[PDB]
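The data block below is input_5.txt; it holds compact mmCIF, N, CA and C atoms and all ligand atoms.
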# COMPACT_ATOMS: atom_id res chain seq x y z
N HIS T 1 0.85 -1.22 0.00
CA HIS T 1 0.00 0.00 0.00
C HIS T 1 0.88 1.26 0.00
N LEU T 2 0.49 2.23 -0.82
CA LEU T 2 1.22 3.49 -0.96
C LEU T 2 1.54 4.16 0.37
N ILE T 3 0.64 4.01 1.34
CA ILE T 3 0.87 4.60 2.64
C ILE T 3 2.10 3.96 3.28
N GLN T 4 2.25 2.65 3.07
CA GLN T 4 3.37 1.91 3.63
C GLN T 4 4.64 2.31 2.90
N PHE T 5 4.52 2.55 1.59
CA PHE T 5 5.67 2.97 0.80
C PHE T 5 6.19 4.27 1.40
N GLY T 6 5.26 5.15 1.76
CA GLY T 6 5.65 6.41 2.37
C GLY T 6 6.43 6.19 3.66
N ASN T 7 5.98 5.24 4.48
CA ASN T 7 6.66 4.95 5.73
C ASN T 7 8.06 4.36 5.50
N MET T 8 8.22 3.59 4.43
CA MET T 8 9.52 3.01 4.11
C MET T 8 10.49 4.13 3.82
N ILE T 9 10.02 5.13 3.08
CA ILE T 9 10.87 6.26 2.74
C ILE T 9 11.30 6.93 4.03
N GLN T 10 10.39 7.01 4.99
CA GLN T 10 10.71 7.64 6.26
C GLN T 10 11.70 6.76 7.01
N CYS T 11 11.75 5.49 6.64
CA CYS T 11 12.66 4.56 7.28
C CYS T 11 14.10 4.69 6.79
N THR T 12 14.31 4.66 5.48
CA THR T 12 15.66 4.74 4.93
C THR T 12 16.32 6.14 4.92
N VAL T 13 15.52 7.20 4.84
CA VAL T 13 16.04 8.58 4.85
C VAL T 13 15.31 9.38 5.93
N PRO T 14 15.51 9.05 7.21
CA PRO T 14 14.81 9.79 8.26
C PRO T 14 15.16 11.27 8.43
N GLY T 15 14.13 12.05 8.77
CA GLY T 15 14.31 13.47 9.00
C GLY T 15 15.09 14.20 7.93
N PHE T 16 14.61 14.13 6.70
CA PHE T 16 15.27 14.83 5.60
C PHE T 16 14.22 15.67 4.87
N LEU T 17 13.30 14.98 4.20
CA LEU T 17 12.23 15.62 3.44
C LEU T 17 10.94 14.85 3.62
N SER T 18 9.81 15.54 3.50
CA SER T 18 8.50 14.89 3.64
C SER T 18 8.19 14.03 2.41
N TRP T 19 7.18 13.18 2.52
CA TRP T 19 6.83 12.27 1.43
C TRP T 19 6.53 12.96 0.12
N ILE T 20 6.00 14.18 0.20
CA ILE T 20 5.63 14.90 -1.01
C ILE T 20 6.82 15.29 -1.90
N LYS T 21 8.03 15.31 -1.33
CA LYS T 21 9.23 15.67 -2.11
C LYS T 21 9.65 14.58 -3.08
N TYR T 22 9.14 13.37 -2.89
CA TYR T 22 9.47 12.24 -3.75
C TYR T 22 8.23 11.81 -4.52
N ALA T 23 7.14 12.55 -4.35
CA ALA T 23 5.89 12.23 -5.03
C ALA T 23 5.71 13.02 -6.32
N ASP T 24 6.41 14.14 -6.43
CA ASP T 24 6.32 14.96 -7.63
C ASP T 24 7.74 15.42 -7.95
N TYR T 25 8.49 14.53 -8.59
CA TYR T 25 9.87 14.80 -8.92
C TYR T 25 10.23 14.18 -10.26
N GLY T 26 11.06 14.88 -11.03
CA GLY T 26 11.49 14.37 -12.31
C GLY T 26 10.37 13.96 -13.24
N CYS T 27 10.72 13.15 -14.23
CA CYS T 27 9.74 12.69 -15.20
C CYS T 27 9.01 11.43 -14.77
N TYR T 28 9.50 10.77 -13.72
CA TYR T 28 8.89 9.53 -13.27
C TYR T 28 8.30 9.48 -11.87
N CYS T 29 8.81 10.27 -10.94
CA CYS T 29 8.27 10.24 -9.58
C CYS T 29 6.97 11.04 -9.59
N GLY T 30 5.85 10.36 -9.72
CA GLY T 30 4.58 11.05 -9.77
C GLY T 30 3.77 10.46 -10.90
N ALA T 31 2.46 10.68 -10.90
CA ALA T 31 1.57 10.14 -11.92
C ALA T 31 2.23 9.88 -13.28
N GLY T 32 2.04 8.68 -13.81
CA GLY T 32 2.61 8.32 -15.09
C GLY T 32 4.11 8.50 -15.15
N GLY T 33 4.67 8.48 -16.36
CA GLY T 33 6.09 8.67 -16.50
C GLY T 33 6.44 8.53 -17.96
N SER T 34 7.38 9.34 -18.43
CA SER T 34 7.77 9.27 -19.83
C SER T 34 9.07 10.03 -20.05
N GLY T 35 9.65 9.85 -21.24
CA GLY T 35 10.89 10.52 -21.55
C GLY T 35 12.10 9.90 -20.86
N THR T 36 13.16 10.69 -20.74
CA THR T 36 14.38 10.24 -20.11
C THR T 36 14.48 10.74 -18.67
N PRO T 37 14.82 9.84 -17.73
CA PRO T 37 14.94 10.24 -16.32
C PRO T 37 15.91 11.40 -16.20
N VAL T 38 15.49 12.47 -15.54
CA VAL T 38 16.34 13.64 -15.39
C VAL T 38 17.62 13.36 -14.61
N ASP T 39 17.54 12.47 -13.63
CA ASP T 39 18.71 12.14 -12.83
C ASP T 39 18.59 10.78 -12.14
N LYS T 40 19.57 10.45 -11.30
CA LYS T 40 19.58 9.17 -10.62
C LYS T 40 18.33 8.88 -9.79
N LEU T 41 17.85 9.87 -9.06
CA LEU T 41 16.66 9.68 -8.24
C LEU T 41 15.46 9.39 -9.14
N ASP T 42 15.34 10.16 -10.22
CA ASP T 42 14.25 9.99 -11.16
C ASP T 42 14.34 8.57 -11.71
N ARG T 43 15.57 8.10 -11.88
CA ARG T 43 15.82 6.76 -12.39
C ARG T 43 15.23 5.72 -11.43
N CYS T 44 15.33 5.99 -10.13
CA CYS T 44 14.77 5.10 -9.12
C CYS T 44 13.28 4.95 -9.36
N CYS T 45 12.62 6.06 -9.67
CA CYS T 45 11.18 6.04 -9.91
C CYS T 45 10.81 5.31 -11.19
N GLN T 46 11.64 5.43 -12.21
CA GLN T 46 11.36 4.74 -13.47
C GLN T 46 11.31 3.23 -13.22
N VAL T 47 12.29 2.73 -12.48
CA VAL T 47 12.34 1.32 -12.16
C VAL T 47 11.11 0.93 -11.33
N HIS T 48 10.75 1.79 -10.37
CA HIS T 48 9.60 1.54 -9.50
C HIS T 48 8.32 1.43 -10.34
N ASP T 49 8.19 2.27 -11.35
CA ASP T 49 7.02 2.22 -12.22
C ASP T 49 6.95 0.86 -12.89
N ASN T 50 8.05 0.47 -13.53
CA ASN T 50 8.11 -0.82 -14.20
C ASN T 50 7.76 -1.94 -13.24
N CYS T 51 8.34 -1.88 -12.05
CA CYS T 51 8.09 -2.90 -11.05
C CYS T 51 6.60 -3.05 -10.81
N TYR T 52 5.91 -1.91 -10.69
CA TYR T 52 4.46 -1.90 -10.48
C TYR T 52 3.71 -2.49 -11.68
N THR T 53 4.22 -2.22 -12.88
CA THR T 53 3.61 -2.74 -14.09
C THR T 53 3.75 -4.26 -14.10
N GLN T 54 4.88 -4.73 -13.59
CA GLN T 54 5.15 -6.16 -13.52
C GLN T 54 4.22 -6.83 -12.51
N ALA T 55 3.90 -6.12 -11.44
CA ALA T 55 3.02 -6.66 -10.41
C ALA T 55 1.62 -6.87 -10.96
N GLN T 56 1.18 -5.95 -11.82
CA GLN T 56 -0.15 -6.05 -12.43
C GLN T 56 -0.23 -7.23 -13.39
N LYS T 57 0.91 -7.60 -13.97
CA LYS T 57 1.00 -8.73 -14.91
C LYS T 57 1.18 -10.04 -14.15
N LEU T 58 1.82 -9.97 -12.98
CA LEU T 58 2.08 -11.14 -12.16
C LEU T 58 0.81 -11.96 -11.90
N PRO T 59 0.81 -13.24 -12.32
CA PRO T 59 -0.37 -14.08 -12.10
C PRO T 59 -0.84 -14.12 -10.65
N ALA T 60 0.11 -14.07 -9.72
CA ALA T 60 -0.22 -14.11 -8.30
C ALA T 60 -1.12 -12.97 -7.85
N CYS T 61 -1.15 -11.86 -8.60
CA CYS T 61 -2.00 -10.74 -8.21
C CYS T 61 -3.39 -10.75 -8.84
N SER T 62 -3.76 -11.87 -9.45
CA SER T 62 -5.07 -12.04 -10.07
C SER T 62 -5.53 -10.93 -11.01
N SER T 63 -4.60 -10.26 -11.67
CA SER T 63 -4.95 -9.19 -12.60
C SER T 63 -5.75 -8.05 -11.99
N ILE T 64 -5.61 -7.85 -10.68
CA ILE T 64 -6.30 -6.75 -10.01
C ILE T 64 -5.37 -5.55 -10.16
N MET T 65 -5.70 -4.69 -11.11
CA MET T 65 -4.89 -3.52 -11.44
C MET T 65 -4.38 -2.62 -10.32
N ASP T 66 -5.22 -2.31 -9.34
CA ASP T 66 -4.79 -1.42 -8.26
C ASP T 66 -4.02 -2.14 -7.15
N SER T 67 -3.65 -3.40 -7.38
CA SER T 67 -2.93 -4.18 -6.38
C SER T 67 -1.68 -3.52 -5.82
N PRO T 68 -0.75 -3.08 -6.69
CA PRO T 68 0.45 -2.44 -6.14
C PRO T 68 0.21 -1.15 -5.35
N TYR T 69 -0.96 -0.54 -5.51
CA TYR T 69 -1.25 0.70 -4.81
C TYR T 69 -1.93 0.54 -3.46
N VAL T 70 -2.82 -0.45 -3.35
CA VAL T 70 -3.56 -0.66 -2.11
C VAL T 70 -3.33 -1.98 -1.39
N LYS T 71 -2.76 -2.97 -2.07
CA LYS T 71 -2.49 -4.25 -1.42
C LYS T 71 -1.57 -4.03 -0.21
N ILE T 72 -2.02 -4.47 0.96
CA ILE T 72 -1.26 -4.31 2.20
C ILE T 72 -0.28 -5.45 2.43
N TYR T 73 1.00 -5.12 2.52
CA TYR T 73 2.03 -6.13 2.73
C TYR T 73 2.65 -6.01 4.10
N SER T 74 3.50 -6.96 4.43
CA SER T 74 4.16 -6.99 5.73
C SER T 74 5.65 -6.72 5.59
N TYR T 75 6.11 -5.63 6.20
CA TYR T 75 7.52 -5.30 6.12
C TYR T 75 8.03 -4.89 7.50
N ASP T 76 9.33 -4.68 7.60
CA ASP T 76 9.96 -4.29 8.85
C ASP T 76 10.99 -3.19 8.61
N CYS T 77 11.16 -2.32 9.60
CA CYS T 77 12.13 -1.25 9.49
C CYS T 77 13.01 -1.25 10.73
N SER T 78 14.32 -1.26 10.53
CA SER T 78 15.25 -1.24 11.65
C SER T 78 16.64 -0.87 11.16
N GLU T 79 17.23 0.14 11.79
CA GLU T 79 18.56 0.60 11.40
C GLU T 79 18.51 1.14 9.97
N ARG T 80 17.48 1.93 9.68
CA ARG T 80 17.30 2.51 8.35
C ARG T 80 17.30 1.46 7.25
N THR T 81 16.93 0.23 7.59
CA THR T 81 16.89 -0.85 6.61
C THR T 81 15.49 -1.43 6.54
N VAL T 82 15.02 -1.67 5.33
CA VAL T 82 13.69 -2.22 5.11
C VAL T 82 13.77 -3.65 4.62
N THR T 83 12.93 -4.51 5.19
CA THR T 83 12.90 -5.91 4.79
C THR T 83 11.44 -6.35 4.67
N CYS T 84 11.18 -7.24 3.72
CA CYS T 84 9.84 -7.74 3.52
C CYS T 84 9.67 -9.10 4.21
N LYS T 85 8.81 -9.14 5.23
CA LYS T 85 8.57 -10.35 6.01
C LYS T 85 8.14 -11.53 5.14
N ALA T 86 8.40 -12.74 5.64
CA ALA T 86 8.09 -13.97 4.93
C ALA T 86 6.62 -14.32 4.97
N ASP T 87 5.86 -13.66 5.84
CA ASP T 87 4.44 -13.96 5.93
C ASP T 87 3.63 -13.26 4.85
N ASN T 88 4.31 -12.83 3.78
CA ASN T 88 3.66 -12.17 2.66
C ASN T 88 3.30 -13.20 1.61
N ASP T 89 2.16 -13.03 0.96
CA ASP T 89 1.78 -13.96 -0.10
C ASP T 89 2.56 -13.53 -1.33
N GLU T 90 2.55 -14.33 -2.39
CA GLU T 90 3.31 -14.00 -3.58
C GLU T 90 3.12 -12.58 -4.10
N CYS T 91 1.87 -12.16 -4.28
CA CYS T 91 1.58 -10.83 -4.79
C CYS T 91 2.07 -9.72 -3.85
N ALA T 92 1.71 -9.83 -2.58
CA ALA T 92 2.11 -8.84 -1.59
C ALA T 92 3.63 -8.73 -1.50
N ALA T 93 4.29 -9.88 -1.53
CA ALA T 93 5.75 -9.93 -1.44
C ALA T 93 6.42 -9.21 -2.61
N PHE T 94 5.91 -9.41 -3.82
CA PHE T 94 6.48 -8.77 -4.99
C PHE T 94 6.33 -7.25 -4.90
N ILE T 95 5.13 -6.81 -4.53
CA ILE T 95 4.86 -5.39 -4.37
C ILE T 95 5.73 -4.79 -3.27
N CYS T 96 5.91 -5.52 -2.18
CA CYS T 96 6.74 -5.05 -1.08
C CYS T 96 8.17 -4.81 -1.55
N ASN T 97 8.67 -5.70 -2.39
CA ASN T 97 10.03 -5.56 -2.90
C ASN T 97 10.17 -4.39 -3.85
N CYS T 98 9.10 -4.06 -4.57
CA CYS T 98 9.11 -2.93 -5.47
C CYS T 98 9.39 -1.67 -4.64
N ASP T 99 8.65 -1.54 -3.54
CA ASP T 99 8.79 -0.39 -2.66
C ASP T 99 10.11 -0.41 -1.89
N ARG T 100 10.48 -1.58 -1.38
CA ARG T 100 11.72 -1.75 -0.63
C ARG T 100 12.91 -1.23 -1.42
N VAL T 101 13.03 -1.72 -2.65
CA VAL T 101 14.12 -1.32 -3.54
C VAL T 101 14.08 0.17 -3.83
N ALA T 102 12.89 0.70 -4.09
CA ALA T 102 12.71 2.12 -4.37
C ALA T 102 13.13 2.98 -3.17
N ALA T 103 12.67 2.62 -1.98
CA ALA T 103 13.00 3.38 -0.78
C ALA T 103 14.51 3.46 -0.58
N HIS T 104 15.19 2.34 -0.77
CA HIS T 104 16.64 2.31 -0.60
C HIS T 104 17.35 3.07 -1.70
N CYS T 105 16.78 3.03 -2.89
CA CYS T 105 17.33 3.73 -4.04
C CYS T 105 17.25 5.24 -3.78
N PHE T 106 16.13 5.70 -3.24
CA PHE T 106 15.97 7.12 -2.93
C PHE T 106 17.06 7.54 -1.96
N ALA T 107 17.21 6.78 -0.88
CA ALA T 107 18.20 7.08 0.16
C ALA T 107 19.63 7.13 -0.36
N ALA T 108 19.93 6.38 -1.40
CA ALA T 108 21.27 6.36 -1.94
C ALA T 108 21.45 7.38 -3.07
N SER T 109 20.43 8.19 -3.33
CA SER T 109 20.50 9.16 -4.42
C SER T 109 20.46 10.61 -3.99
N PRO T 110 21.28 11.47 -4.62
CA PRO T 110 21.26 12.88 -4.25
C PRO T 110 19.93 13.51 -4.70
N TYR T 111 19.44 14.47 -3.93
CA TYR T 111 18.18 15.12 -4.27
C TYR T 111 18.47 16.49 -4.88
N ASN T 112 18.01 16.70 -6.11
CA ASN T 112 18.23 17.97 -6.79
C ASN T 112 16.94 18.78 -6.77
N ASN T 113 16.96 19.89 -6.06
CA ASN T 113 15.79 20.75 -5.92
C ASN T 113 15.21 21.26 -7.23
N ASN T 114 16.07 21.49 -8.21
CA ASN T 114 15.63 22.01 -9.49
C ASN T 114 14.83 20.98 -10.28
N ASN T 115 14.83 19.73 -9.82
CA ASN T 115 14.09 18.67 -10.48
C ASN T 115 12.78 18.34 -9.77
N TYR T 116 12.45 19.15 -8.76
CA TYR T 116 11.22 18.94 -8.01
C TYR T 116 10.07 19.69 -8.69
N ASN T 117 8.92 19.04 -8.81
CA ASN T 117 7.75 19.67 -9.42
C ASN T 117 8.09 20.41 -10.72
N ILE T 118 8.75 19.74 -11.66
CA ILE T 118 9.12 20.37 -12.94
C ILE T 118 8.00 20.21 -13.96
N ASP T 119 8.08 20.92 -15.08
CA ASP T 119 7.06 20.80 -16.12
C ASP T 119 7.39 19.62 -17.03
N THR T 120 6.75 18.49 -16.75
CA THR T 120 6.98 17.27 -17.50
C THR T 120 6.72 17.41 -19.00
N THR T 121 5.76 18.27 -19.34
CA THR T 121 5.41 18.50 -20.74
C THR T 121 6.38 19.48 -21.40
N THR T 122 7.66 19.37 -21.04
CA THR T 122 8.70 20.23 -21.58
C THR T 122 10.07 19.63 -21.36
N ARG T 123 10.24 18.97 -20.21
CA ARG T 123 11.52 18.36 -19.87
C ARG T 123 11.50 16.85 -20.04
N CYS T 124 10.34 16.31 -20.41
CA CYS T 124 10.20 14.87 -20.58
C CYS T 124 9.77 14.45 -21.98
CA CA O 1 5.31 7.26 -12.22

I need this file expressed as structure tokens, please.
Ligand SMILES: [Ca+2]
Amino acid sequence: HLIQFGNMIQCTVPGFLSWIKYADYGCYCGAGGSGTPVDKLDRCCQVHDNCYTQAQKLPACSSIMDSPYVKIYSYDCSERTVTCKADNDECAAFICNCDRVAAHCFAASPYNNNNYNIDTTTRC
């Protein structure tokens, strides 16, 4: 669930920026995505998008399109590290890993303010 994804971000990069700073960034962090990723962080989002597209195709998710957005999974946070618990079913587990990888990718990427809330219909 997107709400959990938000908490993961709070897990890997504590006390830096609010969730909204990674919700509308570059050509990929935020509704839809197209063009070339403006930077490494944007690149994290591009992969996350694909991951979500893969979840919708994954047989384990029964073709329920909104699965990666609302499906509730089980994860853990400790020492700024996120892990997906084993008590997750196939679909939930895949979605959890999509977010897990993204959260860690964000934390390992520099944040460029000039790429926040940009005009996608010009830079993408
Ligand atoms: Ca997107």

* To do: Would you return as a list in words the members of chain T that DSSP assigns to strand (DSSP E) on this structure's backbone?
  => residues 75, 76, 77, 78, 81, 82, 83 and 84 of chain T

List every residue of chain T that has an atom at most 6.5 Å from any atom of ligand CA 1 (chain O), giving for each one its closest atom pair and the distance in Å to one decimal, counting only N, CA and C atoms and all ligand atoms, sorted by chain and then by ascending residue number, as a Markdown table.
| residue | atom | partner | partner_atom | distance |
| --- | --- | --- | --- | --- |
| T:27 | C | O:CA1 | CA | 6.1 |
| T:28 | C | O:CA1 | CA | 3.7 |
| T:29 | N | O:CA1 | CA | 4.8 |
| T:30 | C | O:CA1 | CA | 3.8 |
| T:31 | C | O:CA1 | CA | 4.2 |
| T:32 | C | O:CA1 | CA | 3.4 |
| T:33 | N | O:CA1 | CA | 4.4 |
| T:45 | C | O:CA1 | CA | 5.9 |
| T:49 | CA | O:CA1 | CA | 5.3 |

* Using only C-alpha atoms, which of the listed residues (T:76, T:95, T:85, T:124) sits closest to residue 8 of chain T? -> T:76

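For the pair atom CA of residue 104 of chain T and atom CA of residue 82 of chain T, the separation is 7.9 Å.
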
* **Distance criterion (only C-alpha atoms): nearest to residue 21 of chain T out of T:72, T:41, T:64, T:2** => T:41

* Contacts of residue 9 of chain T within 7 Å, all atoms listed in the file, excl. fewer than 5 positions in-chain, as a PyMOL selection string -> chain T and resi 4+14+103-104

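The space separating atom N of residue 23 of chain T from atom CA of residue 111 of chain T comes to 11.3 Å.
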
Using the file's own x, y and z axes, what box holds all listed atoms of segment 39-53 of chain T with 4 Å on each side, keeping edges along x, y and z, and what are its centre and edge lengths in Å to one decimal, as AutoDock Vina command-line options?
--center_x 11.6 --center_y 4.1 --center_z -11.2 --size_x 24.0 --size_y 24.7 --size_z 14.0

* Name the residues of chain T that come out as alpha helix (DSSP H) in a backbone DSSP run; write them as a PyMOL selection string. => chain T and resi 2-12+40-57+67-70+90-107+120-123

* Measuring atom to atom with only C-alpha atoms, identify which of T:25, T:69, T:52, T:16 is nearest to residue 114 of chain T. => T:25

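In this model, the gap between atom CA of residue 123 of chain T and atom CA of residue 37 of chain T comes to 9.5 Å.
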
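Around the coordinate (19.0, 4.9, 2.6), residues that reach within 5 Å when counting only N, CA and C atoms are residues 12, 13, 104, 107 and 108 of chain T.
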
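Between residue 75 of chain T and the residues T:97, T:63, T:56, T:50, the shortest atom-to-atom distance, using only C-alpha atoms, involves T:97.
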
* To do: Within 6.5 Å of residue 92 of chain T, counting only N, CA and C atoms, which residues show up once you throw out same-chain ones fewer than 4 positions away? Write them as number ranges by chain, please.
  => T: 71-74, 88, 96-97

Please, could you write that set of residues out with N, CA and C atoms as a PDB file, in the frame of the given file?
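So the final result, stored in out28.pdb, reads:
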ATOM      1  N   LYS T  71      -2.760  -2.970  -2.070  1.00  0.00           N
ATOM      2  CA  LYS T  71      -2.490  -4.250  -1.420  1.00  0.00           C
ATOM      3  C   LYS T  71      -1.570  -4.030  -0.210  1.00  0.00           C
ATOM      4  N   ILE T  72      -2.020  -4.470   0.960  1.00  0.00           N
ATOM      5  CA  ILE T  72      -1.260  -4.310   2.200  1.00  0.00           C
ATOM      6  C   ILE T  72      -0.280  -5.450   2.430  1.00  0.00           C
ATOM      7  N   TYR T  73       1.000  -5.120   2.520  1.00  0.00           N
ATOM      8  CA  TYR T  73       2.030  -6.130   2.730  1.00  0.00           C
ATOM      9  C   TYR T  73       2.650  -6.010   4.100  1.00  0.00           C
ATOM     10  N   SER T  74       3.500  -6.960   4.430  1.00  0.00           N
ATOM     11  CA  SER T  74       4.160  -6.990   5.730  1.00  0.00           C
ATOM     12  C   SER T  74       5.650  -6.720   5.590  1.00  0.00           C
ATOM     13  N   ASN T  88       4.310 -12.830   3.780  1.00  0.00           N
ATOM     14  CA  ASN T  88       3.660 -12.170   2.660  1.00  0.00           C
ATOM     15  C   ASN T  88       3.300 -13.200   1.610  1.00  0.00           C
ATOM     16  N   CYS T  96       5.910  -5.520  -2.180  1.00  0.00           N
ATOM     17  CA  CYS T  96       6.740  -5.050  -1.080  1.00  0.00           C
ATOM     18  C   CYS T  96       8.170  -4.810  -1.550  1.00  0.00           C
ATOM     19  N   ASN T  97       8.670  -5.700  -2.390  1.00  0.00           N
ATOM     20  CA  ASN T  97      10.030  -5.560  -2.900  1.00  0.00           C
ATOM     21  C   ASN T  97      10.170  -4.390  -3.850  1.00  0.00           C
TER      22      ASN T  97
END

* Compile the contact shell of residue 19 of chain T as a PyMOL selection string: residues with an atom at most 9 Å away, counting only C-alpha atoms, same-chain residues fewer than 5 positions apart removed. => chain T and resi 6-7+9-10

* **Within 8 Å of residue 55 of chain T using only C-alpha atoms, minus same-chain residues under 4 positions, as a count of residues only** => 7

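The nearest approach to residue 47 of chain T among the residues T:20, T:98, T:81, T:60, with all atoms listed in the file taken into account, belongs to T:98.
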
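For the set T:117, T:83, T:77, T:48, the residue with the smallest atom-to-atom gap to residue 102 of chain T is T:48, counting all atoms listed in the file.
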
Working from the structure I just supplied, which lacks atoms in segment 42-55 of chain T, can you model N, CA, C and O atoms there and output them as a PDB file, keeping the file's coordinate frame?
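And here's selection-v4.pdb as it stands now:
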ATOM      1  N   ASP T  42      15.340  10.160 -10.220  1.00  0.00           N
ATOM      2  CA  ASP T  42      14.250   9.990 -11.160  1.00  0.00           C
ATOM      3  C   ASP T  42      14.340   8.570 -11.710  1.00  0.00           C
ATOM      4  O   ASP T  42      13.334   7.903 -11.950  1.00  0.00           O
ATOM      5  N   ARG T  43      15.570   8.100 -11.880  1.00  0.00           N
ATOM      6  CA  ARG T  43      15.820   6.760 -12.390  1.00  0.00           C
ATOM      7  C   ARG T  43      15.230   5.720 -11.430  1.00  0.00           C
ATOM      8  O   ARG T  43      14.700   4.697 -11.857  1.00  0.00           O
ATOM      9  N   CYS T  44      15.330   5.990 -10.130  1.00  0.00           N
ATOM     10  CA  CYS T  44      14.770   5.100  -9.120  1.00  0.00           C
ATOM     11  C   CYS T  44      13.280   4.950  -9.360  1.00  0.00           C
ATOM     12  O   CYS T  44      12.733   3.850  -9.260  1.00  0.00           O
ATOM     13  N   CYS T  45      12.620   6.060  -9.670  1.00  0.00           N
ATOM     14  CA  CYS T  45      11.180   6.040  -9.910  1.00  0.00           C
ATOM     15  C   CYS T  45      10.810   5.310 -11.190  1.00  0.00           C
ATOM     16  O   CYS T  45       9.771   4.642 -11.240  1.00  0.00           O
ATOM     17  N   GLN T  46      11.640   5.430 -12.210  1.00  0.00           N
ATOM     18  CA  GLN T  46      11.360   4.740 -13.470  1.00  0.00           C
ATOM     19  C   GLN T  46      11.310   3.230 -13.220  1.00  0.00           C
ATOM     20  O   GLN T  46      10.405   2.541 -13.692  1.00  0.00           O
ATOM     21  N   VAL T  47      12.290   2.730 -12.480  1.00  0.00           N
ATOM     22  CA  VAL T  47      12.340   1.320 -12.160  1.00  0.00           C
ATOM     23  C   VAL T  47      11.110   0.930 -11.330  1.00  0.00           C
ATOM     24  O   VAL T  47      10.506  -0.117 -11.547  1.00  0.00           O
ATOM     25  N   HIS T  48      10.750   1.790 -10.370  1.00  0.00           N
ATOM     26  CA  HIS T  48       9.600   1.540  -9.500  1.00  0.00           C
ATOM     27  C   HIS T  48       8.320   1.430 -10.340  1.00  0.00           C
ATOM     28  O   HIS T  48       7.458   0.591 -10.065  1.00  0.00           O
ATOM     29  N   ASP T  49       8.190   2.270 -11.350  1.00  0.00           N
ATOM     30  CA  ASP T  49       7.020   2.220 -12.220  1.00  0.00           C
ATOM     31  C   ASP T  49       6.950   0.860 -12.890  1.00  0.00           C
ATOM     32  O   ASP T  49       5.918   0.197 -12.842  1.00  0.00           O
ATOM     33  N   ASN T  50       8.050   0.470 -13.530  1.00  0.00           N
ATOM     34  CA  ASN T  50       8.110  -0.820 -14.200  1.00  0.00           C
ATOM     35  C   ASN T  50       7.760  -1.940 -13.240  1.00  0.00           C
ATOM     36  O   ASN T  50       6.988  -2.832 -13.562  1.00  0.00           O
ATOM     37  N   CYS T  51       8.340  -1.880 -12.050  1.00  0.00           N
ATOM     38  CA  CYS T  51       8.090  -2.900 -11.050  1.00  0.00           C
ATOM     39  C   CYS T  51       6.600  -3.050 -10.810  1.00  0.00           C
ATOM     40  O   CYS T  51       6.089  -4.157 -10.730  1.00  0.00           O
ATOM     41  N   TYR T  52       5.910  -1.910 -10.690  1.00  0.00           N
ATOM     42  CA  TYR T  52       4.460  -1.900 -10.480  1.00  0.00           C
ATOM     43  C   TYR T  52       3.710  -2.490 -11.680  1.00  0.00           C
ATOM     44  O   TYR T  52       2.692  -3.160 -11.520  1.00  0.00           O
ATOM     45  N   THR T  53       4.220  -2.220 -12.880  1.00  0.00           N
ATOM     46  CA  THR T  53       3.610  -2.740 -14.090  1.00  0.00           C
ATOM     47  C   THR T  53       3.750  -4.260 -14.100  1.00  0.00           C
ATOM     48  O   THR T  53       2.867  -4.973 -14.554  1.00  0.00           O
ATOM     49  N   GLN T  54       4.880  -4.730 -13.590  1.00  0.00           N
ATOM     50  CA  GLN T  54       5.150  -6.160 -13.520  1.00  0.00           C
ATOM     51  C   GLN T  54       4.220  -6.830 -12.510  1.00  0.00           C
ATOM     52  O   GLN T  54       3.799  -7.965 -12.706  1.00  0.00           O
ATOM     53  N   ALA T  55       3.900  -6.120 -11.440  1.00  0.00           N
ATOM     54  CA  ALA T  55       3.020  -6.660 -10.410  1.00  0.00           C
ATOM     55  C   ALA T  55       1.620  -6.870 -10.960  1.00  0.00           C
ATOM     56  O   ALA T  55       0.955  -7.832 -10.614  1.00  0.00           O
TER      57      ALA T  55
END
